[PDB]
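Colleague: This one is structure_18.txt, compact mmCIF, C-alpha atoms (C1' of nucleotides) and all ligand atoms.
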# COMPACT_ATOMS: atom_id res chain seq x y z
CA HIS A 2 40.48 -119.66 -172.54
CA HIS A 3 38.46 -119.10 -169.35
CA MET A 4 36.60 -116.39 -167.39
CA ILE A 5 37.32 -112.84 -166.17
CA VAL A 6 35.87 -111.75 -162.82
CA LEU A 7 35.69 -108.03 -162.07
CA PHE A 8 35.28 -107.32 -158.32
CA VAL A 9 34.35 -103.81 -157.10
CA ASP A 10 34.82 -102.97 -153.41
CA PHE A 11 33.92 -99.57 -151.89
CA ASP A 12 36.60 -97.86 -149.78
CA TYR A 13 35.92 -97.42 -146.02
CA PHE A 14 32.43 -97.03 -147.43
CA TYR A 15 30.41 -96.17 -144.33
CA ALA A 16 32.86 -93.47 -143.30
CA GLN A 17 33.37 -92.35 -146.88
CA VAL A 18 29.65 -91.74 -147.18
CA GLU A 19 29.83 -89.46 -144.16
CA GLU A 20 32.43 -87.33 -145.89
CA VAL A 21 30.57 -87.19 -149.23
CA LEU A 22 27.69 -85.62 -147.28
CA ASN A 23 29.72 -83.49 -144.91
CA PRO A 24 33.24 -82.63 -146.19
CA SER A 25 33.61 -80.65 -142.97
CA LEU A 26 35.31 -83.98 -142.17
CA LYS A 27 37.65 -85.02 -145.01
CA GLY A 28 41.29 -85.27 -144.04
CA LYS A 29 40.25 -85.56 -140.39
CA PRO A 30 39.91 -89.03 -138.82
CA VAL A 31 36.24 -90.20 -139.04
CA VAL A 32 34.86 -93.04 -136.82
CA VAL A 33 31.48 -94.64 -137.52
CA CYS A 34 29.98 -96.12 -134.32
CA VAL A 35 27.00 -97.99 -132.92
CA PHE A 36 25.89 -97.81 -129.27
CA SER A 37 22.66 -98.25 -127.23
CA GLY A 38 22.33 -95.53 -124.60
CA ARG A 39 23.83 -98.19 -122.36
CA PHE A 40 26.53 -96.35 -120.37
CA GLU A 41 27.34 -93.69 -123.00
CA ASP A 42 30.10 -93.98 -125.64
CA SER A 43 29.58 -97.72 -125.28
CA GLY A 44 29.37 -100.07 -128.25
CA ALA A 45 31.61 -101.03 -131.14
CA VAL A 46 33.17 -99.43 -134.19
CA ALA A 47 31.62 -100.19 -137.56
CA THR A 48 34.37 -98.79 -139.77
CA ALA A 49 36.77 -95.86 -139.86
CA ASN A 50 38.47 -93.93 -142.70
CA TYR A 51 42.17 -94.51 -143.27
CA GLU A 52 43.36 -91.51 -141.31
CA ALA A 53 42.00 -93.24 -138.22
CA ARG A 54 43.13 -96.78 -138.93
CA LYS A 55 46.86 -95.91 -138.95
CA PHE A 56 46.31 -95.34 -135.21
CA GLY A 57 44.55 -98.55 -134.31
CA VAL A 58 40.88 -97.71 -134.86
CA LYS A 59 39.50 -100.55 -136.96
CA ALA A 60 36.00 -102.06 -136.98
CA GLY A 61 35.17 -104.43 -134.15
CA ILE A 62 36.88 -102.60 -131.28
CA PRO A 63 34.64 -100.96 -128.63
CA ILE A 64 34.12 -97.26 -129.30
CA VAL A 65 35.28 -96.98 -125.69
CA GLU A 66 38.94 -97.95 -126.05
CA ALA A 67 38.90 -96.04 -129.34
CA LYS A 68 38.43 -92.72 -127.57
CA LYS A 69 41.62 -93.42 -125.58
CA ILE A 70 43.29 -93.79 -128.96
CA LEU A 71 41.70 -90.87 -130.79
CA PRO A 72 39.76 -88.55 -128.43
CA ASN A 73 40.42 -85.98 -131.12
CA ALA A 74 38.72 -87.87 -133.98
CA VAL A 75 35.13 -87.27 -135.08
CA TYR A 76 32.64 -89.90 -133.90
CA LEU A 77 29.42 -90.46 -135.79
CA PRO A 78 26.48 -92.68 -134.96
CA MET A 79 25.87 -95.04 -137.85
CA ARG A 80 23.14 -94.41 -140.41
CA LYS A 81 22.99 -97.86 -142.02
CA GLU A 82 19.92 -96.67 -143.92
CA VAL A 83 21.87 -93.86 -145.62
CA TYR A 84 24.77 -96.04 -146.73
CA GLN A 85 22.20 -98.48 -148.10
CA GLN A 86 20.68 -95.95 -150.55
CA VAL A 87 24.12 -94.99 -151.79
CA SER A 88 24.99 -98.66 -152.19
CA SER A 89 21.83 -99.56 -154.06
CA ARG A 90 22.69 -96.71 -156.43
CA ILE A 91 26.26 -97.85 -157.14
CA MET A 92 25.06 -101.43 -157.52
CA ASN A 93 22.40 -100.46 -160.09
CA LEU A 94 25.15 -98.74 -162.03
CA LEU A 95 27.38 -101.83 -162.13
CA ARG A 96 24.19 -103.57 -163.29
CA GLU A 97 24.93 -102.11 -166.70
CA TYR A 98 28.46 -103.32 -167.31
CA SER A 99 27.29 -106.93 -166.97
CA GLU A 100 23.91 -108.52 -166.25
CA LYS A 101 26.05 -111.24 -164.63
CA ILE A 102 26.22 -109.54 -161.26
CA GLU A 103 26.26 -110.99 -157.75
CA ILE A 104 26.66 -108.55 -154.79
CA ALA A 105 28.48 -110.26 -151.92
CA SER A 106 27.34 -107.56 -149.54
CA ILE A 107 26.36 -103.94 -149.19
CA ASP A 108 29.70 -102.81 -150.67
CA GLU A 109 30.84 -105.75 -152.79
CA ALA A 110 29.77 -106.91 -156.18
CA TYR A 111 31.35 -109.50 -158.43
CA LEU A 112 30.87 -108.93 -162.16
CA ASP A 113 31.34 -111.56 -164.87
CA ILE A 114 32.79 -109.46 -167.69
CA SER A 115 33.96 -112.50 -169.66
CA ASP A 116 31.31 -111.53 -172.25
CA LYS A 117 32.63 -107.97 -172.76
CA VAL A 118 36.40 -108.36 -172.41
CA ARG A 119 38.58 -110.33 -174.86
CA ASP A 120 41.54 -110.07 -172.50
CA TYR A 121 42.72 -108.53 -169.22
CA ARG A 122 43.89 -105.48 -171.19
CA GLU A 123 40.32 -104.43 -171.98
CA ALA A 124 39.24 -105.65 -168.54
CA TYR A 125 41.38 -103.03 -166.87
CA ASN A 126 39.92 -100.72 -169.49
CA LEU A 127 36.42 -101.38 -168.10
CA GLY A 128 38.03 -101.55 -164.71
CA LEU A 129 38.42 -97.81 -165.14
CA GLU A 130 35.34 -96.66 -167.00
CA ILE A 131 33.70 -98.16 -163.91
CA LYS A 132 35.80 -96.61 -161.15
CA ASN A 133 35.27 -93.25 -162.83
CA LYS A 134 31.50 -93.59 -163.38
CA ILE A 135 31.02 -94.58 -159.76
CA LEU A 136 33.22 -91.65 -158.66
CA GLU A 137 31.35 -89.32 -161.03
CA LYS A 138 27.75 -90.06 -160.15
CA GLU A 139 28.38 -90.78 -156.45
CA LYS A 140 31.64 -89.14 -155.45
CA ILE A 141 32.76 -92.46 -153.91
CA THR A 142 36.07 -94.21 -154.52
CA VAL A 143 36.15 -98.00 -155.00
CA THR A 144 38.97 -100.51 -155.40
CA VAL A 145 38.75 -103.00 -158.25
CA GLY A 146 40.01 -106.55 -158.60
CA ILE A 147 40.37 -108.64 -161.75
CA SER A 148 41.19 -112.30 -162.36
CA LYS A 149 40.03 -115.74 -163.50
CA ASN A 150 37.63 -116.42 -160.60
CA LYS A 151 35.68 -114.62 -157.87
CA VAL A 152 38.07 -115.61 -155.12
CA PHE A 153 41.25 -114.21 -156.64
CA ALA A 154 39.58 -111.08 -158.01
CA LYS A 155 38.74 -110.30 -154.40
CA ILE A 156 42.21 -111.06 -153.10
CA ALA A 157 43.30 -108.65 -155.82
CA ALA A 158 41.12 -105.79 -154.66
CA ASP A 159 42.31 -106.33 -151.09
CA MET A 160 45.84 -105.54 -152.30
CA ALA A 161 45.16 -102.60 -154.62
CA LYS A 162 43.01 -100.83 -152.03
CA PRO A 163 42.58 -98.04 -151.21
CA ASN A 164 41.33 -96.25 -154.29
CA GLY A 165 43.30 -98.67 -156.47
CA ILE A 166 42.71 -101.28 -159.18
CA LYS A 167 44.73 -104.46 -159.91
CA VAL A 168 45.01 -107.60 -162.04
CA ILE A 169 46.11 -111.17 -161.54
CA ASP A 170 47.01 -113.08 -164.69
CA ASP A 171 47.25 -116.86 -164.54
CA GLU A 172 50.94 -116.35 -163.81
CA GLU A 173 50.50 -114.17 -160.66
CA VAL A 174 47.90 -116.66 -159.45
CA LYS A 175 50.36 -119.55 -159.35
CA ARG A 176 52.78 -117.18 -157.64
CA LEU A 177 50.18 -116.33 -155.01
CA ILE A 178 48.99 -119.93 -154.70
CA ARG A 179 52.49 -120.65 -153.36
CA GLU A 180 53.33 -117.31 -151.75
CA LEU A 181 50.22 -115.65 -150.36
CA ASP A 182 49.83 -116.16 -146.61
CA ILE A 183 47.01 -118.47 -145.54
CA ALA A 184 45.22 -116.17 -143.08
CA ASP A 185 44.60 -114.02 -146.16
CA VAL A 186 42.61 -116.44 -148.28
CA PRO A 187 38.99 -115.24 -148.42
CA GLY A 188 36.98 -117.44 -146.07
CA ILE A 189 39.61 -118.06 -143.42
CA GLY A 190 39.60 -116.57 -139.92
CA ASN A 191 41.96 -117.04 -136.98
CA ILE A 192 40.10 -120.17 -135.85
CA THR A 193 40.79 -122.02 -139.08
CA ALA A 194 44.04 -120.05 -139.25
CA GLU A 195 45.34 -122.23 -136.41
CA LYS A 196 44.64 -125.78 -137.60
CA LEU A 197 46.22 -124.96 -140.95
CA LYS A 198 49.21 -123.13 -139.45
CA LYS A 199 50.74 -125.96 -137.42
CA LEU A 200 50.03 -129.06 -139.53
CA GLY A 201 52.16 -128.45 -142.61
CA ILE A 202 50.19 -125.41 -143.77
CA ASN A 203 51.45 -121.84 -143.45
CA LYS A 204 50.57 -120.89 -147.01
CA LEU A 205 47.87 -121.86 -149.50
CA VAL A 206 50.23 -124.26 -151.32
CA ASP A 207 50.74 -126.23 -148.11
CA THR A 208 47.15 -127.52 -148.27
CA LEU A 209 48.69 -129.62 -151.04
CA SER A 210 51.14 -131.35 -148.72
CA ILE A 211 48.49 -133.18 -146.63
CA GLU A 212 45.44 -135.04 -147.99
CA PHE A 213 41.92 -133.81 -147.21
CA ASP A 214 40.97 -137.08 -145.52
CA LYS A 215 43.01 -135.68 -142.59
CA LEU A 216 41.84 -132.07 -142.75
CA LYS A 217 38.35 -133.13 -143.84
CA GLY A 218 38.14 -133.67 -140.09
CA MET A 219 39.83 -130.40 -139.22
CA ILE A 220 38.04 -127.80 -141.33
CA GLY A 221 35.37 -130.05 -142.78
CA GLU A 222 34.62 -131.08 -146.35
CA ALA A 223 33.25 -127.89 -147.97
CA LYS A 224 36.15 -125.84 -146.58
CA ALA A 225 38.99 -128.25 -147.37
CA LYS A 226 37.48 -129.25 -150.71
CA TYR A 227 37.50 -125.47 -151.20
CA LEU A 228 41.02 -124.55 -150.09
CA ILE A 229 42.74 -127.37 -151.95
CA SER A 230 40.38 -126.68 -154.88
CA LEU A 231 42.24 -123.38 -155.11
CA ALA A 232 45.91 -124.13 -154.47
CA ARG A 233 45.39 -126.90 -157.01
CA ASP A 234 44.51 -124.01 -159.36
CA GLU A 235 41.23 -125.83 -160.06
CA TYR A 236 38.56 -123.56 -158.47
CA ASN A 237 36.10 -122.02 -160.93
CA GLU A 238 32.86 -121.21 -159.06
CA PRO A 239 30.23 -119.20 -161.00
CA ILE A 240 28.84 -115.70 -160.40
CA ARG A 241 25.25 -116.30 -159.32
CA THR A 242 22.82 -113.66 -158.11
CA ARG A 243 22.86 -113.98 -154.32
CA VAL A 244 19.49 -114.13 -152.57
CA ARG A 245 18.51 -112.87 -149.14
CA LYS A 246 17.63 -115.89 -147.03
CA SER A 247 17.06 -114.21 -143.66
CA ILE A 248 16.25 -110.77 -142.31
CA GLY A 249 15.95 -109.72 -138.68
CA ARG A 250 17.07 -107.43 -135.88
CA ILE A 251 18.53 -107.69 -132.38
CA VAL A 252 18.66 -104.95 -129.80
CA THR A 253 20.58 -104.25 -126.66
CA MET A 254 18.88 -103.95 -123.32
CA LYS A 255 19.70 -101.27 -120.80
CA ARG A 256 20.16 -103.90 -118.10
CA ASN A 257 20.75 -107.64 -118.24
CA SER A 258 17.55 -109.47 -117.27
CA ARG A 259 15.72 -112.75 -116.91
CA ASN A 260 12.26 -111.36 -116.16
CA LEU A 261 10.20 -112.41 -119.16
CA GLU A 262 7.75 -109.47 -118.80
CA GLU A 263 10.70 -107.07 -118.76
CA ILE A 264 12.33 -108.48 -121.93
CA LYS A 265 9.16 -108.82 -124.03
CA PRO A 266 8.95 -105.13 -125.06
CA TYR A 267 12.52 -105.39 -126.40
CA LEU A 268 11.79 -108.59 -128.32
CA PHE A 269 8.70 -106.93 -129.75
CA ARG A 270 10.55 -103.85 -130.96
CA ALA A 271 13.00 -106.22 -132.62
CA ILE A 272 10.04 -107.93 -134.37
CA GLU A 273 8.49 -104.71 -135.62
CA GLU A 274 11.56 -103.12 -137.26
CA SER A 275 12.47 -106.67 -138.22
CA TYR A 276 9.13 -107.01 -139.93
CA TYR A 277 9.77 -103.67 -141.62
CA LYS A 278 13.09 -104.76 -143.14
CA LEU A 279 11.22 -107.88 -144.17
CA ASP A 280 9.47 -105.64 -146.72
CA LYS A 281 6.83 -107.82 -148.40
CA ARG A 282 8.24 -111.33 -147.91
CA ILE A 283 6.61 -114.15 -145.93
CA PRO A 284 8.89 -116.15 -143.61
CA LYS A 285 7.80 -119.69 -142.81
CA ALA A 286 10.40 -120.01 -140.06
CA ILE A 287 11.43 -117.78 -137.19
CA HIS A 288 14.14 -117.83 -134.54
CA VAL A 289 14.72 -115.82 -131.40
CA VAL A 290 18.31 -115.25 -130.39
CA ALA A 291 19.56 -113.79 -127.16
CA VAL A 292 22.97 -112.62 -126.09
CA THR A 293 23.53 -113.62 -122.50
CA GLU A 294 25.68 -111.64 -120.10
CA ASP A 295 28.81 -113.49 -121.33
CA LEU A 296 28.18 -113.05 -125.08
CA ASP A 297 27.22 -116.73 -125.50
CA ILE A 298 24.38 -116.75 -128.03
CA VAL A 299 21.28 -118.84 -127.38
CA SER A 300 18.60 -119.30 -130.03
CA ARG A 301 15.27 -121.09 -130.45
CA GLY A 302 13.24 -121.51 -133.61
CA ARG A 303 10.02 -122.81 -135.08
CA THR A 304 9.01 -123.47 -138.67
CA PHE A 305 5.46 -123.51 -140.04
CA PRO A 306 3.67 -124.97 -143.13
CA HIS A 307 2.65 -121.40 -143.92
CA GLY A 308 4.06 -117.88 -143.75
CA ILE A 309 4.19 -116.02 -140.43
CA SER A 310 1.67 -113.23 -139.92
CA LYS A 311 3.20 -110.45 -137.80
CA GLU A 312 0.45 -110.97 -135.25
CA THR A 313 1.50 -114.61 -135.02
CA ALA A 314 5.22 -113.83 -134.76
CA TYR A 315 4.70 -111.55 -131.78
CA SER A 316 2.88 -114.45 -130.16
CA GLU A 317 5.31 -117.17 -131.25
CA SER A 318 8.38 -115.32 -129.95
CA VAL A 319 7.52 -115.46 -126.27
CA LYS A 320 7.16 -119.25 -126.32
CA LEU A 321 10.61 -119.39 -127.90
CA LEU A 322 11.82 -116.86 -125.37
CA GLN A 323 10.34 -118.84 -122.52
CA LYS A 324 11.74 -122.07 -123.94
CA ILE A 325 15.18 -120.42 -123.68
CA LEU A 326 14.63 -118.98 -120.20
CA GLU A 327 13.74 -122.38 -118.81
CA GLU A 328 16.60 -124.41 -120.28
CA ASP A 329 19.52 -121.92 -120.10
CA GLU A 330 20.15 -120.48 -116.61
CA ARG A 331 22.08 -117.25 -117.26
CA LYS A 332 20.72 -113.72 -117.70
CA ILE A 333 19.83 -112.08 -121.04
CA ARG A 334 21.55 -108.96 -122.39
CA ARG A 335 20.65 -108.82 -126.08
CA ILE A 336 17.37 -110.13 -127.52
CA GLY A 337 16.12 -110.30 -131.08
CA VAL A 338 14.37 -112.16 -133.87
CA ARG A 339 15.28 -113.55 -137.31
CA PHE A 340 12.89 -114.68 -140.02
CA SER A 341 13.81 -117.40 -142.52
CA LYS A 342 12.52 -119.82 -145.17
CA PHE A 343 10.88 -117.19 -147.36
CA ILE A 344 8.03 -118.11 -149.65
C1' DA B 1 32.22 -105.80 -122.20
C1' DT B 2 28.12 -104.60 -127.20
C1' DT B 3 26.30 -103.93 -130.72
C1' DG B 4 25.04 -105.27 -135.70
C1' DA B 5 23.47 -108.59 -139.67
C1' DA B 6 24.00 -112.86 -142.68
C1' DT B 7 26.05 -117.07 -144.77
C1' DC B 8 26.74 -121.53 -144.94
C1' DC B 9 29.07 -125.83 -142.76
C1' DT B 10 28.52 -129.04 -139.14
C1' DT B 11 26.48 -132.49 -136.06
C1' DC B 12 22.94 -134.90 -133.08
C1' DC B 13 18.17 -136.73 -133.78
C1' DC B 14 13.67 -138.75 -135.86
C1' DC B 15 11.72 -142.21 -139.42
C1' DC B 16 9.95 -144.99 -145.55
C1' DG C 1 22.20 -143.33 -143.77
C1' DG C 2 18.52 -139.07 -145.87
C1' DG C 3 14.44 -135.16 -146.28
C1' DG C 4 14.24 -131.83 -142.81
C1' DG C 5 14.15 -129.61 -138.54
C1' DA C 6 17.11 -127.59 -134.88
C1' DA C 7 20.92 -125.11 -132.18
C1' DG C 8 25.79 -123.73 -132.28
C1' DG C 9 30.00 -122.61 -135.23
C1' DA C 10 33.02 -119.70 -137.87
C1' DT C 11 33.67 -115.81 -141.77
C1' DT C 12 32.39 -111.26 -143.63
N1 LIG A 401 32.44 -109.02 -139.05
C1 LIG A 401 32.17 -108.55 -140.24
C2 LIG A 401 33.17 -108.56 -141.26
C3 LIG A 401 32.78 -108.06 -142.47
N2 LIG A 401 31.55 -107.59 -142.71
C4 LIG A 401 31.29 -107.05 -144.16
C5 LIG A 401 31.68 -105.56 -144.03
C6 LIG A 401 32.04 -105.12 -145.38
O1 LIG A 401 31.35 -104.20 -145.81
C7 LIG A 401 32.06 -106.41 -146.18
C8 LIG A 401 33.44 -106.66 -146.71
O2 LIG A 401 33.98 -105.86 -147.49
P1 LIG A 401 35.62 -105.59 -147.39
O3 LIG A 401 36.48 -106.27 -146.37
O4 LIG A 401 36.12 -105.79 -148.82
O5 LIG A 401 35.85 -104.08 -147.16
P2 LIG A 401 35.15 -102.83 -147.94
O6 LIG A 401 36.28 -101.87 -148.37
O7 LIG A 401 34.10 -102.97 -148.97
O8 LIG A 401 34.63 -102.42 -146.61
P3 LIG A 401 35.03 -101.33 -145.73
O9 LIG A 401 33.77 -100.36 -145.56
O10 LIG A 401 35.49 -101.87 -144.42
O11 LIG A 401 36.23 -100.53 -146.34
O12 LIG A 401 31.91 -107.63 -145.29
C9 LIG A 401 30.55 -107.57 -141.68
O13 LIG A 401 29.41 -107.11 -141.92
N3 LIG A 401 30.91 -108.07 -140.45
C1 LIG A 402 29.72 -106.80 -134.29
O1 LIG A 402 29.75 -105.84 -133.24
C2 LIG A 402 30.22 -104.57 -133.76
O2 LIG A 402 29.13 -103.82 -134.38
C3 LIG A 402 29.41 -103.68 -135.73
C4 LIG A 402 28.59 -103.03 -136.70
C5 LIG A 402 29.05 -102.98 -138.08
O3 LIG A 402 28.32 -102.40 -139.08
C6 LIG A 402 27.05 -101.80 -138.96
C7 LIG A 402 30.35 -103.58 -138.45
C8 LIG A 402 30.94 -103.59 -139.74
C9 LIG A 402 32.18 -104.18 -140.00
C10 LIG A 402 32.91 -104.84 -138.95
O4 LIG A 402 34.00 -105.39 -139.02
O5 LIG A 402 32.30 -104.82 -137.68
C11 LIG A 402 31.08 -104.22 -137.41
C12 LIG A 402 30.59 -104.26 -136.09
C13 LIG A 402 31.21 -104.89 -134.89
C14 LIG A 402 31.16 -106.42 -134.90
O6 LIG A 402 32.26 -106.94 -134.16
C15 LIG A 402 32.59 -104.04 -141.34
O7 LIG A 402 33.61 -104.41 -141.95
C16 LIG A 402 31.47 -103.26 -142.04
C17 LIG A 402 30.40 -102.98 -141.01
CA CA A 403 38.89 -101.03 -146.56
Would you mind writing the file's structure down as structure tokens?
Ligand SMILES: Nc1ccn([C@H]2C[C@H](O)[C@@H](COP(=O)(O)OP(=O)(O)OP(=O)(O)O)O2)c(=O)n1
Ligand SMILES: *[C@@H]1O[C@@H]2Oc3cc(OC)c4c5c(c(=O)oc4c3[C@@H]2[C@H]1O)C(=O)CC5
Ligand SMILES: [Ca+2]
Modeller:
Amino acid sequence: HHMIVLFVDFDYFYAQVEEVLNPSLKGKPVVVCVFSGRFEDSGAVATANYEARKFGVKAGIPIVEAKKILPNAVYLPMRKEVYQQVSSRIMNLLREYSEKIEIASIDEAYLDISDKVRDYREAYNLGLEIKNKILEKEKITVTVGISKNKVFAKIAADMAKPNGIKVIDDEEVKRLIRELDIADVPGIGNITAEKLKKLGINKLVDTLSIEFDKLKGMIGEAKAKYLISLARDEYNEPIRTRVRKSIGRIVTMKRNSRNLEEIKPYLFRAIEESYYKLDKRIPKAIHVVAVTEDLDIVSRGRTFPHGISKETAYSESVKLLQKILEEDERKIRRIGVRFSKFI
DNA sequence: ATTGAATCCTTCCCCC
DNA sequence: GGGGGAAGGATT
């Protein structure tokens, strides 16, 4: 009668991988950070286990104000590389419960189990063989979501977490389509959470009050045609294998600068590790982005008829860096690169 | 107040 | 306006 989307989402993943390697931390509040040798203890949180969130230590906030909230808690520099090996291992596992996998991010996969589950009953059934396998061969807990489409399966997971599992039968959908808050619909942030709020929309069903031709100039086609597409219990987007369309790095400079010969070594580092992550792909395009003193991003790109040798990237960055320097007047505080249009 | 990394949607311009 | 290229925008 339709499709069943199974969504797996790792719990406080980054932090949880720190525990799985060093239980000399479980129970205690773990905070995964990122800095730069800037001032010291400067940067932003990446994620924190649940025993640290209760106190106001979520991702995003500067590790600085976090200390004044939990000077007791354990702070760990982030090892993105480590979490990535764990993740590629869990992912490969899921890969054998359905060849119809996606992988929204490093800790999210969407499985299309419509082919191996006659009904939600057996879905939940797989919902658990899975949670257990993952927890067995990785000692990691994951929350699972199940429903008719990728969007709701996610919303599910984000309710059953942590460590949970949940289901949303056509009935609960309609109940959520009229009851779930709006700032909770996957794909909406505070910015769009304002236009919708005051305009006849406080909840997903509200986007049914007003016609798109009035919001299709407030949140723009794709978005509106997407919200409404849901409330109007019509949404049914497929589970396609996501592809990496851009890799790159950006670093943070000790001091803010505008002296091109000072910046260049930074930009080059960014290109080298950036070219490492790039593995064995060949970008035809390339952009240089810089974070000025007042976090206002400025980027400049170039696209070629052919791939970009590393030797040519190094050389093509400066021009893009200079282009920036001339036009924009402010200083530079964060400089990096980003390759695109892969062959 | 710093530090990721990526998507995809949008919006202003050349050009058959 | 359409291909596509380009720089800023708004989530995750
Ligand atoms: N500004 C943001 C917001 C989100 N994300 C990513 C981080 C997560 O890993 C992924 C989203 O997954 P979830 O919100 O479902 O949370 P998870 O439980 O998988 O992640 P977390 O490690 O926070 O528990 O999107 C990101 O990179 N940058
Ligand atoms: C961007 O600046 C901060 O740095 C990071 C780094 C993260 O992961 C490596 C990160 C994550 C999440 C998040 O919400 O924020 C960050 C941030 C901060 C951002 O504001 C997640 O949910 C997972 C990783
Ligand atoms: Ca979580």
Colleague: Within 10 Å of ligand LIG 401 (chain A), counting only C-alpha atoms (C1' of nucleotides) and all ligand atoms: which residues, as a compact mmCIF listing (two decimals) with C-alpha atoms (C1' of nucleotides), in the coordinates of the input?
Modeller:
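Resulting contents of result_4.txt:
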# COMPACT_ATOMS: atom_id res chain seq x y z
CA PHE A 8 35.28 -107.32 -158.32
CA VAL A 9 34.35 -103.81 -157.10
CA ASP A 10 34.82 -102.97 -153.41
CA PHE A 11 33.92 -99.57 -151.89
CA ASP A 12 36.60 -97.86 -149.78
CA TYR A 13 35.92 -97.42 -146.02
CA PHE A 14 32.43 -97.03 -147.43
CA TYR A 15 30.41 -96.17 -144.33
CA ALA A 16 32.86 -93.47 -143.30
CA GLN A 17 33.37 -92.35 -146.88
CA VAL A 18 29.65 -91.74 -147.18
CA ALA A 47 31.62 -100.19 -137.56
CA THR A 48 34.37 -98.79 -139.77
CA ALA A 49 36.77 -95.86 -139.86
CA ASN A 50 38.47 -93.93 -142.70
CA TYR A 51 42.17 -94.51 -143.27
CA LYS A 59 39.50 -100.55 -136.96
CA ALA A 60 36.00 -102.06 -136.98
CA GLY A 61 35.17 -104.43 -134.15
CA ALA A 105 28.48 -110.26 -151.92
CA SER A 106 27.34 -107.56 -149.54
CA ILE A 107 26.36 -103.94 -149.19
CA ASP A 108 29.70 -102.81 -150.67
CA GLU A 109 30.84 -105.75 -152.79
CA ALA A 110 29.77 -106.91 -156.18
CA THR A 142 36.07 -94.21 -154.52
CA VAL A 143 36.15 -98.00 -155.00
CA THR A 144 38.97 -100.51 -155.40
CA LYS A 155 38.74 -110.30 -154.40
CA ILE A 156 42.21 -111.06 -153.10
CA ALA A 158 41.12 -105.79 -154.66
CA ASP A 159 42.31 -106.33 -151.09
CA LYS A 162 43.01 -100.83 -152.03
CA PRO A 163 42.58 -98.04 -151.21
CA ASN A 164 41.33 -96.25 -154.29
CA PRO A 187 38.99 -115.24 -148.42
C1' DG B 4 25.04 -105.27 -135.70
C1' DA B 5 23.47 -108.59 -139.67
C1' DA B 6 24.00 -112.86 -142.68
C1' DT C 11 33.67 -115.81 -141.77
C1' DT C 12 32.39 -111.26 -143.63
Colleague: Using all atoms listed in the file, find which residues of chain B lie within 12 Å of chain A and jot them down as a PDB file with C-alpha atoms (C1' of nucleotides), keeping the file's coordinate frame.
Modeller:
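Output contents, as saved in out_22.pdb:
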ATOM      1  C1'  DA B   1      32.220-105.800-122.200  1.00  0.00           C
ATOM      2  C1'  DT B   2      28.120-104.600-127.200  1.00  0.00           C
ATOM      3  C1'  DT B   3      26.300-103.930-130.720  1.00  0.00           C
ATOM      4  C1'  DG B   4      25.040-105.270-135.700  1.00  0.00           C
ATOM      5  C1'  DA B   5      23.470-108.590-139.670  1.00  0.00           C
ATOM      6  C1'  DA B   6      24.000-112.860-142.680  1.00  0.00           C
ATOM      7  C1'  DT B   7      26.050-117.070-144.770  1.00  0.00           C
ATOM      8  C1'  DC B   8      26.740-121.530-144.940  1.00  0.00           C
ATOM      9  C1'  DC B   9      29.070-125.830-142.760  1.00  0.00           C
ATOM     10  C1'  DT B  10      28.520-129.040-139.140  1.00  0.00           C
ATOM     11  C1'  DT B  11      26.480-132.490-136.060  1.00  0.00           C
TER      12       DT B  11
END
Colleague: Take every atom of region 11-16 of chain B listed in the file, fit an axis-aligned box around them, add 5 Å per side, and give the centre and edge lengths in Å to one decimal as AutoDock Vina command-line options.
Modeller:
--center_x 18.2 --center_y -138.7 --center_z -139.3 --size_x 26.5 --size_y 22.5 --size_z 22.5
Colleague: Quick one: everything within 12 Å of region 255-267 of chain A, counting all atoms listed in the file, minus sequence neighbours fewer than 5 positions away in the same chain. Send it as a ChimeraX atom specification.
Modeller: /A:36-41,43,250,272-275,289,291-296,315-327,329-338 /B:2
Colleague: Please determine the contact residues of chain C with respect to chain A at a cut-off of 9 Å, counting only C-alpha atoms (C1' of nucleotides), and supply them as an MDAnalysis selection string.
Modeller: chainID C and resid 5:8 10:12
Colleague: At a cut-off of 12 Å, using only C-alpha atoms (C1' of nucleotides), what residues contact residue 4 (chain C)? Leave out same-chain residues fewer than 3 positions from it and give the result as a ChimeraX atom specification.
Modeller: /A:304 /B:13-15
Colleague: For residue 212 (chain A), work out the shell of residues within 12 Å, counting only C-alpha atoms (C1' of nucleotides) and skipping chain neighbours fewer than 3 positions away, then give it as a PyMOL selection string.
Modeller: chain A and resi 200-202+207-209+215-219+222+225-226+228-230
Colleague: Just checking: using all atoms listed in the file, which residue out of A:290, A:77, A:4, A:161 ends up closest to ligand CA 403 (chain A)?
Modeller: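 Among the listed residues, A:161 lies closest to ligand CA 403 (chain A).
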Colleague: To one decimal place, how far is atom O2 of ligand LIG 402 (chain A) from CA of residue 132 (chain A) in Å?
Modeller: 28.5 Å
Colleague: Separation of CA of residue 241 (chain A) and CA of residue 133 (chain A), in Å?
Modeller: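 If I compute the distance from CA of residue 241 (chain A) to CA of residue 133 (chain A), I get 25.4 Å.
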Colleague: May I ask for the distance between CA of residue 68 (chain A) and CA of residue 22 (chain A), given in Å to one decimal place?
Modeller: 23.5 Å
Colleague: Which is closer to residue 171 (chain A) than all the others in A:94, A:128, A:88, A:120, using all atoms listed in the file?
Modeller: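 Counting all atoms listed in the file, the residue closest to residue 171 (chain A) is A:120.
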